[PDB]
Amino acid sequence: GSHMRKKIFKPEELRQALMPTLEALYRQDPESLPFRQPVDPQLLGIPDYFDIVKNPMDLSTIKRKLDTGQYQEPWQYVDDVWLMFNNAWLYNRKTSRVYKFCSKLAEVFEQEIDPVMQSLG
Amino acid sequence: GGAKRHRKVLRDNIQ
């Protein structure tokens, strides 16, 4: 509930590491925007949402729970941000546009979450 | 092509 098993700091500590990561993705705006905001299945027009990903998630909820402090363990934010590029991954059938957008997000992030997952977990 | 429409940034459009 509170402290998983590893270190687990203040939701702000994490953010210190986490957010910067998200922020690298935030630079990848054309790749992050599709998530910086909720993955509107209406704006998208994909009723198949929640019927594939099961865990929608989006840099909106992400950059939020992070910022707001709805965390305690960094791997949680990771499992979410990754769960995000994931929706773009197993949802867009891979051969799509987000495919490129999520690819990077997970890339930079996997490159951002290193200084994080290391100083966070 | 592409543009912002329909799905995410999808919007194939061919016909």
# chains A, B, ... in the order shown; residues from 1 in each chain; ligands from 1
>>> interface_residues(of="chain A", to="chain B", cutoff="9 Å", atoms="only C-alpha atoms", output="compact mmCIF listing (two decimals) with N, CA and C atoms, in the first residue's frame")
# COMPACT_ATOMS: atom_id res chain seq x y z
N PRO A 34 -0.91 12.92 -28.19
CA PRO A 34 -1.91 11.85 -28.28
C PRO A 34 -2.19 11.21 -26.92
N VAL A 39 -6.93 9.69 -23.91
CA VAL A 39 -7.14 9.05 -25.20
C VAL A 39 -8.64 8.94 -25.48
N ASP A 40 -9.22 10.08 -25.84
CA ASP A 40 -10.64 10.16 -26.13
C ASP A 40 -11.05 9.18 -27.22
N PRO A 41 -11.81 8.12 -26.88
CA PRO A 41 -12.26 7.15 -27.87
C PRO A 41 -13.32 7.77 -28.77
N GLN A 42 -13.72 8.98 -28.41
CA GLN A 42 -14.71 9.73 -29.18
C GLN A 42 -13.97 10.58 -30.20
N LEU A 43 -12.98 11.31 -29.71
CA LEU A 43 -12.12 12.13 -30.55
C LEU A 43 -11.44 11.21 -31.55
N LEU A 44 -11.11 10.01 -31.08
CA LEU A 44 -10.49 8.99 -31.92
C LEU A 44 -11.55 8.28 -32.74
N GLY A 45 -12.61 7.89 -32.07
CA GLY A 45 -13.70 7.19 -32.72
C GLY A 45 -13.49 5.70 -32.69
N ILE A 46 -12.78 5.25 -31.66
CA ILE A 46 -12.47 3.84 -31.49
C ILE A 46 -13.20 3.22 -30.30
N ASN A 92 -3.17 0.12 -31.78
CA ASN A 92 -3.03 0.58 -33.16
C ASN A 92 -2.57 -0.54 -34.09
N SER A 96 0.56 1.57 -37.56
CA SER A 96 -0.21 2.81 -37.52
C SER A 96 0.68 4.04 -37.35
N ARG A 97 0.06 5.17 -37.01
CA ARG A 97 0.79 6.43 -36.82
C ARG A 97 1.36 6.53 -35.40
N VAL A 98 0.55 6.26 -34.38
CA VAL A 98 1.06 6.34 -33.04
C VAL A 98 2.26 5.43 -32.94
>>> residues_around(residues="range 70-75 of chain A", least_positions_apart="5", cutoff="6 Å", atoms="only C-alpha atoms", output="compact mmCIF listing (two decimals) with C-alpha atoms, in the first residue's frame")
# COMPACT_ATOMS: atom_id res chain seq x y z
CA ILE A 8 9.84 4.39 -1.76
CA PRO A 11 5.74 11.42 -4.24
CA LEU A 14 9.91 10.39 -7.45
CA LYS A 65 -0.91 11.48 -10.82
>>> residues_around(residues="residue 104 in chain A", least_positions_apart="2", cutoff="12 Å", atoms="only C-alpha atoms", output="ChimeraX atom specification")
/A:22,24-32,82,85-86,88-89,97-102,106-112
